[PDB]
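Chemist: Can you keep this structure in mind? I'll have questions shortly.
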Amino acid sequence: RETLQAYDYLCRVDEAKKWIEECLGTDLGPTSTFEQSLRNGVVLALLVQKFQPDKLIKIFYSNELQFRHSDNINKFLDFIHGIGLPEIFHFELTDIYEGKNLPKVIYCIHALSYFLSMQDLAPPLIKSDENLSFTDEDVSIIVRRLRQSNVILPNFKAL
Ligand SMILES: [Br-]
Ligand SMILES: [Br-]
Ligand SMILES: [Br-]
Ligand SMILES: [Br-]
Ligand SMILES: [Br-]
Ligand SMILES: [Br-]
Ligand SMILES: [Br-]
Ligand SMILES: [Br-]
Ligand SMILES: [Br-]
Ligand SMILES: [Br-]
Ligand SMILES: [Br-]
C-alpha cells in the first residue's frame, strides 16, 4: 500500500511537471526533485508572465533560497486569486517556502491546469502513461518522506 501510494504521488508530480514544461516550452529536470525546485518561486512566477504577457513580472534570481524568494511565490498566489481559481485549491507561503506541504503545490498546479485547459487558455494536463516508472530508490524516498510527514495527500482524484 505504501509503495503504490508513493508511486501514484510521483505520477501526480510528473504530470504537473510535464504540463508546466509544455506551457513554458522548456525542460524542468527530474521529477523526484521537481517539488523542491519550485520553492524559489521562479518557475511559478514565469507561469504568471506567460498568462500576463502585457505585464512586466518582477522575478528575484538567486541560487540561495532566501526570504526575497517569497515575492516570486506571492506573484503566483495573487494570480490564481486574481483569475478566480477557487480558494480551496490555493496553498500558503509556508507550504512551499518552508516546504511544509509541497503536495498542496502540486495539487494547486493540477487544479489550475484544469481551470485553464477547460477554457482553452492553456493545454490540458496529460494523465501519466500506465507503464510510466521511477527507480526503486526514488519511490522509497517518497515512502520515507510520507512516513515522517504528517500531512495528508490532497484529493487529486476528485479533480
Ligand atoms: Br507500485
Ligand atoms: Br493520486
Ligand atoms: Br512563456
Ligand atoms: Br500572448
Ligand atoms: Br510584478
Ligand atoms: Br472560493
Ligand atoms: Br475549477
Ligand atoms: Br497555450
Ligand atoms: Br524525509
Ligand atoms: Br510531504
Ligand atoms: Br488522479
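Ligands are numbered from 1 in the order shown, residues from 1 within each chain, and chains are lettered A, B, ... in the order they appear in the C-alpha cells.
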So that I can see what lies close to range 94-99 of chain A, please list as a ChimeraX atom specification the residues with an atom at most 12 Å from it, counting only C-alpha atoms and leaving out residues fewer than 2 positions away in the same chain.
Modeler: /A:35-42,44,65-74,76-77,90-92,101-108,149,151
Chemist: For the residues in that selection, give me N, CA and C atoms as an mmCIF file, in the first residue's frame.
Modeler:
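Result file again-v9.cif:
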data_model
loop_
_atom_site.group_PDB
_atom_site.id
_atom_site.type_symbol
_atom_site.label_atom_id
_atom_site.label_comp_id
_atom_site.auth_asym_id
_atom_site.auth_seq_id
_atom_site.Cartn_x
_atom_site.Cartn_y
_atom_site.Cartn_z
ATOM 1 N N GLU A 35 9.479 19.091 -6.986
ATOM 2 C CA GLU A 35 8.812 19.884 -5.955
ATOM 3 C C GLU A 35 9.768 20.850 -5.289
ATOM 4 N N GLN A 36 10.951 20.358 -4.940
ATOM 5 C CA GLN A 36 11.940 21.197 -4.281
ATOM 6 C C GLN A 36 12.409 22.347 -5.163
ATOM 7 N N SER A 37 12.400 22.158 -6.482
ATOM 8 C CA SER A 37 12.854 23.217 -7.387
ATOM 9 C C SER A 37 11.865 24.376 -7.505
ATOM 10 N N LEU A 38 10.637 24.175 -7.034
ATOM 11 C CA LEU A 38 9.621 25.219 -7.129
ATOM 12 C C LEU A 38 9.657 26.143 -5.926
ATOM 13 N N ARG A 39 10.405 25.759 -4.899
ATOM 14 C CA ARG A 39 10.445 26.548 -3.668
ATOM 15 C C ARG A 39 10.945 27.994 -3.838
ATOM 16 N N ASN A 40 11.766 28.250 -4.852
ATOM 17 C CA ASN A 40 12.258 29.603 -5.079
ATOM 18 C C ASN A 40 11.266 30.484 -5.855
ATOM 19 N N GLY A 41 10.156 29.894 -6.295
ATOM 20 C CA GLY A 41 9.105 30.646 -6.960
ATOM 21 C C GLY A 41 9.355 31.105 -8.387
ATOM 22 N N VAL A 42 10.546 30.856 -8.916
ATOM 23 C CA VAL A 42 10.855 31.279 -10.279
ATOM 24 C C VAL A 42 9.947 30.637 -11.332
ATOM 25 N N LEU A 44 7.029 29.212 -11.039
ATOM 26 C CA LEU A 44 5.657 29.638 -10.840
ATOM 27 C C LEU A 44 5.450 31.081 -11.310
ATOM 28 N N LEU A 65 18.102 29.992 -1.423
ATOM 29 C CA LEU A 65 16.706 30.158 -1.065
ATOM 30 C C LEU A 65 16.636 31.111 0.124
ATOM 31 N N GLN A 66 16.102 32.302 -0.116
ATOM 32 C CA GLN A 66 16.021 33.324 0.915
ATOM 33 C C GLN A 66 14.645 33.983 0.921
ATOM 34 N N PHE A 67 14.400 34.800 1.939
ATOM 35 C CA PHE A 67 13.107 35.435 2.112
ATOM 36 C C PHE A 67 12.591 36.187 0.893
ATOM 37 N N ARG A 68 13.487 36.805 0.132
ATOM 38 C CA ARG A 68 13.062 37.545 -1.039
ATOM 39 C C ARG A 68 12.453 36.643 -2.109
ATOM 40 N N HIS A 69 12.637 35.338 -1.967
ATOM 41 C CA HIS A 69 12.030 34.397 -2.902
ATOM 42 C C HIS A 69 10.514 34.403 -2.708
ATOM 43 N N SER A 70 10.079 34.902 -1.553
ATOM 44 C CA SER A 70 8.658 34.973 -1.216
ATOM 45 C C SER A 70 7.899 35.816 -2.239
ATOM 46 N N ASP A 71 8.530 36.904 -2.681
ATOM 47 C CA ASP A 71 7.902 37.769 -3.670
ATOM 48 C C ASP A 71 7.590 36.984 -4.935
ATOM 49 N N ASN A 72 8.457 36.045 -5.308
ATOM 50 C CA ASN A 72 8.186 35.242 -6.503
ATOM 51 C C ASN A 72 6.930 34.410 -6.299
ATOM 52 N N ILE A 73 6.822 33.816 -5.119
ATOM 53 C CA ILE A 73 5.678 32.994 -4.763
ATOM 54 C C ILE A 73 4.385 33.820 -4.763
ATOM 55 N N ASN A 74 4.398 34.977 -4.099
ATOM 56 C CA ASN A 74 3.246 35.838 -3.959
ATOM 57 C C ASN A 74 2.669 36.280 -5.272
ATOM 58 N N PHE A 76 2.492 34.384 -7.962
ATOM 59 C CA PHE A 76 1.649 33.266 -8.371
ATOM 60 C C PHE A 76 0.366 33.171 -7.547
ATOM 61 N N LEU A 77 0.457 33.441 -6.249
ATOM 62 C CA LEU A 77 -0.715 33.382 -5.379
ATOM 63 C C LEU A 77 -1.694 34.509 -5.727
ATOM 64 N N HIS A 90 -5.951 26.761 -3.517
ATOM 65 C CA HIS A 90 -4.796 27.573 -3.187
ATOM 66 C C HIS A 90 -3.961 26.964 -2.059
ATOM 67 N N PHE A 91 -2.703 27.395 -1.971
ATOM 68 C CA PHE A 91 -1.795 26.940 -0.919
ATOM 69 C C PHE A 91 -1.185 28.180 -0.286
ATOM 70 N N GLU A 92 -0.562 28.021 0.876
ATOM 71 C CA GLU A 92 0.038 29.144 1.600
ATOM 72 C C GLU A 92 1.552 29.210 1.385
ATOM 73 N N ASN A 101 4.237 21.663 3.060
ATOM 74 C CA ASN A 101 3.186 20.942 2.336
ATOM 75 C C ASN A 101 3.333 21.129 0.826
ATOM 76 N N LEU A 102 4.391 20.543 0.270
ATOM 77 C CA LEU A 102 4.670 20.634 -1.166
ATOM 78 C C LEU A 102 3.625 19.938 -2.044
ATOM 79 N N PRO A 103 3.013 18.857 -1.539
ATOM 80 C CA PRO A 103 1.968 18.174 -2.308
ATOM 81 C C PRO A 103 0.767 19.082 -2.604
ATOM 82 N N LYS A 104 0.553 20.083 -1.760
ATOM 83 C CA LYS A 104 -0.553 21.012 -1.971
ATOM 84 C C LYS A 104 -0.223 21.933 -3.133
ATOM 85 N N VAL A 105 1.069 22.131 -3.376
ATOM 86 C CA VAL A 105 1.501 22.950 -4.502
ATOM 87 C C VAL A 105 1.194 22.181 -5.781
ATOM 88 N N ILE A 106 1.597 20.914 -5.807
ATOM 89 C CA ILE A 106 1.352 20.045 -6.950
ATOM 90 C C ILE A 106 -0.152 19.969 -7.212
ATOM 91 N N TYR A 107 -0.924 19.906 -6.130
ATOM 92 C CA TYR A 107 -2.384 19.857 -6.199
ATOM 93 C C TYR A 107 -2.901 21.153 -6.821
ATOM 94 N N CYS A 108 -2.377 22.275 -6.350
ATOM 95 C CA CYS A 108 -2.787 23.561 -6.874
ATOM 96 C C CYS A 108 -2.500 23.628 -8.373
ATOM 97 N N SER A 149 6.251 12.494 7.404
ATOM 98 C CA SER A 149 5.344 13.600 7.142
ATOM 99 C C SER A 149 4.007 13.404 7.733
ATOM 100 N N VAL A 151 1.348 15.281 6.882
ATOM 101 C CA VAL A 151 0.374 15.933 6.010
ATOM 102 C C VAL A 151 -0.326 14.863 5.182
#
Chemist: Dump as JSON lines the rows for residues of chain A within 7 Å of ligand 3: closest atom pair and distance in Å with one decimal, only C-alpha atoms and all ligand atoms counted, ordered by chain and rising residue number.
Modeler:
{"residue": "A:23", "atom": "CA", "partner": "ligand 3", "partner_atom_place_in_ligand_line": "1 (Br)", "distance": 6.6}
{"residue": "A:24", "atom": "CA", "partner": "ligand 3", "partner_atom_place_in_ligand_line": "1 (Br)", "distance": 4.8}
{"residue": "A:46", "atom": "CA", "partner": "ligand 3", "partner_atom_place_in_ligand_line": "1 (Br)", "distance": 6.9}
{"residue": "A:47", "atom": "CA", "partner": "ligand 3", "partner_atom_place_in_ligand_line": "1 (Br)", "distance": 6.8}
{"residue": "A:49", "atom": "CA", "partner": "ligand 3", "partner_atom_place_in_ligand_line": "1 (Br)", "distance": 6.7}
{"residue": "A:50", "atom": "CA", "partner": "ligand 3", "partner_atom_place_in_ligand_line": "1 (Br)", "distance": 4.2}
Chemist: For ligand 1, collect every residue having any atom at a distance of at most 9 Å from a ligand atom (counting only C-alpha atoms and all ligand atoms); output as a PDB file with N, CA, C and O atoms, in the first residue's frame.
Modeler:
ATOM      1  N   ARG A   1       0.854  -1.237   0.000  1.00  0.00           N
ATOM      2  CA  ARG A   1       0.000   0.000   0.000  1.00  0.00           C
ATOM      3  C   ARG A   1       0.873   1.264   0.000  1.00  0.00           C
ATOM      4  O   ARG A   1       0.560   2.244  -0.672  1.00  0.00           O
ATOM      5  N   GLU A   2       1.974   1.228   0.744  1.00  0.00           N
ATOM      6  CA  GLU A   2       2.887   2.363   0.810  1.00  0.00           C
ATOM      7  C   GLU A   2       3.557   2.627  -0.528  1.00  0.00           C
ATOM      8  O   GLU A   2       3.657   3.770  -0.962  1.00  0.00           O
ATOM      9  N   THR A   3       4.047   1.566  -1.162  1.00  0.00           N
ATOM     10  CA  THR A   3       4.750   1.686  -2.439  1.00  0.00           C
ATOM     11  C   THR A   3       3.837   2.341  -3.467  1.00  0.00           C
ATOM     12  O   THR A   3       4.203   3.343  -4.094  1.00  0.00           O
ATOM     13  N   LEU A   4       2.647   1.769  -3.622  1.00  0.00           N
ATOM     14  CA  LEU A   4       1.648   2.276  -4.557  1.00  0.00           C
ATOM     15  C   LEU A   4       1.333   3.751  -4.301  1.00  0.00           C
ATOM     16  O   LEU A   4       1.267   4.545  -5.244  1.00  0.00           O
ATOM     17  N   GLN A   5       1.139   4.110  -3.033  1.00  0.00           N
ATOM     18  CA  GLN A   5       0.856   5.496  -2.657  1.00  0.00           C
ATOM     19  C   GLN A   5       2.018   6.391  -3.097  1.00  0.00           C
ATOM     20  O   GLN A   5       1.806   7.481  -3.628  1.00  0.00           O
ATOM     21  N   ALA A   6       3.239   5.913  -2.874  1.00  0.00           N
ATOM     22  CA  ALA A   6       4.445   6.625  -3.277  1.00  0.00           C
ATOM     23  C   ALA A   6       4.472   6.777  -4.806  1.00  0.00           C
ATOM     24  O   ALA A   6       4.679   7.868  -5.329  1.00  0.00           O
ATOM     25  N   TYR A   7       4.255   5.677  -5.517  1.00  0.00           N
ATOM     26  CA  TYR A   7       4.269   5.698  -6.975  1.00  0.00           C
ATOM     27  C   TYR A   7       3.223   6.637  -7.576  1.00  0.00           C
ATOM     28  O   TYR A   7       3.513   7.374  -8.517  1.00  0.00           O
ATOM     29  N   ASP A   8       2.004   6.588  -7.047  1.00  0.00           N
ATOM     30  CA  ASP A   8       0.918   7.426  -7.537  1.00  0.00           C
ATOM     31  C   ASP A   8       1.244   8.911  -7.401  1.00  0.00           C
ATOM     32  O   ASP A   8       1.105   9.658  -8.365  1.00  0.00           O
ATOM     33  N   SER A 133       7.366   4.621 -15.135  1.00  0.00           N
ATOM     34  CA  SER A 133       8.028   4.132 -13.934  1.00  0.00           C
ATOM     35  C   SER A 133       9.137   5.039 -13.401  1.00  0.00           C
ATOM     36  O   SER A 133       9.691   5.875 -14.120  1.00  0.00           O
ATOM     37  N   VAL A 139      11.165   5.949  -5.386  1.00  0.00           N
ATOM     38  CA  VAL A 139       9.910   5.540  -4.769  1.00  0.00           C
ATOM     39  C   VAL A 139      10.074   5.448  -3.252  1.00  0.00           C
ATOM     40  O   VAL A 139       9.236   5.960  -2.497  1.00  0.00           O
TER      41      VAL A 139
END
Chemist: Would you mind listing the residues within 6 Å of ligand 5, counting only C-alpha atoms and all ligand atoms, as JSON, numbers by chain?
Modeler: {"A": [56, 57, 58]}
Chemist: Output N, CA, C and O atoms of each residue in that selection to a file, as a short mmCIF file (atom, residue, chain, number, x, y, z; two decimals), in the first residue's frame.
Modeler:
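What landed in out20.cif:
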data_model
loop_
_atom_site.label_atom_id
_atom_site.label_comp_id
_atom_site.auth_asym_id
_atom_site.auth_seq_id
_atom_site.Cartn_x
_atom_site.Cartn_y
_atom_site.Cartn_z
N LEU A 56 4.93 43.30 -16.89
CA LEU A 56 6.32 43.00 -16.62
C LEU A 56 6.42 42.44 -15.21
O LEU A 56 6.38 43.19 -14.23
N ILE A 57 6.54 41.12 -15.10
CA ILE A 57 6.63 40.49 -13.79
C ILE A 57 8.06 40.52 -13.24
O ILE A 57 9.02 40.21 -13.95
N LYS A 58 8.20 40.90 -11.98
CA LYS A 58 9.46 41.03 -11.33
C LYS A 58 9.83 39.69 -10.71
O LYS A 58 9.08 39.15 -9.89
#
Chemist: Could you give me the residues within 9 Å of ligand 8, counting only C-alpha atoms and all ligand atoms, as a list in words?
Modeler: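 Result of the 9 Å neighbour search around ligand 8: residues 22, 23, 50, 51, 117, 120, 121, 122 and 123 of chain A.
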Chemist: Where in chain A does DSSP assign helix (DSSP H, G or I), given as a PyMOL selection string?
Modeler: chain A and resi 2-24+31-37+42-51+69-82+87-89+93-96+102-117+136-148+156-158
Chemist: List every residue of chain A that has an atom at most 8 Å from any atom of ligand 6, and for each one report the closest atom pair and its distance in Å to one decimal, counting only C-alpha atoms and all ligand atoms, with rows sorted by chain and then by increasing residue number, as JSON lines.
Modeler:
{"residue": "A:84", "atom": "CA", "partner": "ligand 6", "partner_atom_place_in_ligand_line": "1 (Br)", "distance": 7.9}
{"residue": "A:85", "atom": "CA", "partner": "ligand 6", "partner_atom_place_in_ligand_line": "1 (Br)", "distance": 7.3}
{"residue": "A:86", "atom": "CA", "partner": "ligand 6", "partner_atom_place_in_ligand_line": "1 (Br)", "distance": 4.0}
{"residue": "A:87", "atom": "CA", "partner": "ligand 6", "partner_atom_place_in_ligand_line": "1 (Br)", "distance": 4.3}
{"residue": "A:88", "atom": "CA", "partner": "ligand 6", "partner_atom_place_in_ligand_line": "1 (Br)", "distance": 6.2}
Chemist: Those same residues, written as a compact mmCIF listing (two decimals), in the first residue's frame with N, CA, C and O atoms?
Modeler:
# COMPACT_ATOMS: atom_id res chain seq x y z
N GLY A 84 -9.62 34.05 -10.39
CA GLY A 84 -10.78 33.37 -9.88
C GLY A 84 -10.68 31.88 -9.63
O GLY A 84 -11.71 31.20 -9.67
N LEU A 85 -9.48 31.34 -9.46
CA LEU A 85 -9.38 29.91 -9.17
C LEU A 85 -9.94 29.73 -7.75
O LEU A 85 -9.59 30.49 -6.85
N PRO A 86 -10.84 28.75 -7.55
CA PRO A 86 -11.42 28.53 -6.22
C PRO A 86 -10.36 28.46 -5.13
O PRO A 86 -9.33 27.82 -5.31
N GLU A 87 -10.61 29.13 -4.01
CA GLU A 87 -9.65 29.19 -2.92
C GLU A 87 -9.24 27.84 -2.34
O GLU A 87 -8.10 27.67 -1.90
N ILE A 88 -10.15 26.88 -2.36
CA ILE A 88 -9.86 25.55 -1.84
C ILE A 88 -8.65 24.92 -2.53
O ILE A 88 -8.03 24.01 -1.99
Chemist: So which residues are near ligand 11, meaning at most 10 Å away with only C-alpha atoms and all ligand atoms counted, given back as an MDAnalysis selection string?
Modeler: chainID A and resid 8:9 11:12 15 107 110 127:128 154:159
Chemist: So what do you get for CA of residue 143 in chain A versus CA of residue 28 in chain A, distance-wise?
Modeler: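 A separation of 23.0 Å between them.
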